[PDB]
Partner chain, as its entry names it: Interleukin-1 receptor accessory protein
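In the form deposited without its partner chain, a lone chain appears below as structure tokens.
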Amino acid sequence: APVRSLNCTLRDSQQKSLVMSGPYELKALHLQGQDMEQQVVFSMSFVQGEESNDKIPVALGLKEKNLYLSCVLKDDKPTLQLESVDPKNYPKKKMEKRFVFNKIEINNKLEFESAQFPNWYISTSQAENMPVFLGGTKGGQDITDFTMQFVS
């Protein structure tokens, strides 16, 4: 059948919101009140891939944009990019592996691991107005945990 998707926002565990930073980048900053309309709304698709109780393969598209978070090697490093696709063909159930994140439940938060690059995670910096990036540490310094808000 079709692929199933939910509209949502994400916030890092320090409660920073995600906004656009030019056409192909996201940044995280502390946001409240009027400025909260600036936050990115995702379409989270539930895609084909290896699955367990607490590990669910998803794609993260931007709502009503032909843009997806993807994980590629850039200058020889695993790298988070926003990638354009053909809007006739997306979303789909069998998303290409660079688009797939393993959603994980851990102590009432979420981590998003790259399916392509094991133990690389969607990450934010402690500092305000810095890029969202792919980090090879779910350890300490950079933030790898999130809450989800379900949007109408």
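Basically, rigid core = biggest C-alpha set you can superpose within 1.5 Å across the two forms. Numbering follows the first chain given and starts at 1. Residues that one form lacks are left out of the comparison.
The same protein has a further form, the form solved in complex with its partner chain, not shown here; the description that follows concerns it.
- Taking non-hydrogen atoms only, residue 143 approaches its partner chain to within 4.5 angstroms in the deposited complex.
- Just a single entry of 83, 35, 96, 51 exceeds or equals a 2 Å CA shift between this form and the one not shown, which is 51 (rigid core superposed).
- After superposition on the rigid core, displacement of the C-alpha of residue 119 between this form and the one not shown stays below 2 Å.
- A decrease of at least 3 Å in the separation of the C-alpha atoms of residue 108 and residue 6 is found in the deposited complex, compared with the displayed form.
- Pairwise change in the deposited complex: residue 108 and residue 42 C-alpha atoms lie closer than in the shown form, at least 3 Å.
- Comparing the forms between this form and the one not shown on their core, residues 51-54, 106-108 form runs of at least three in a row where every Cα shifts 2 Å or more.
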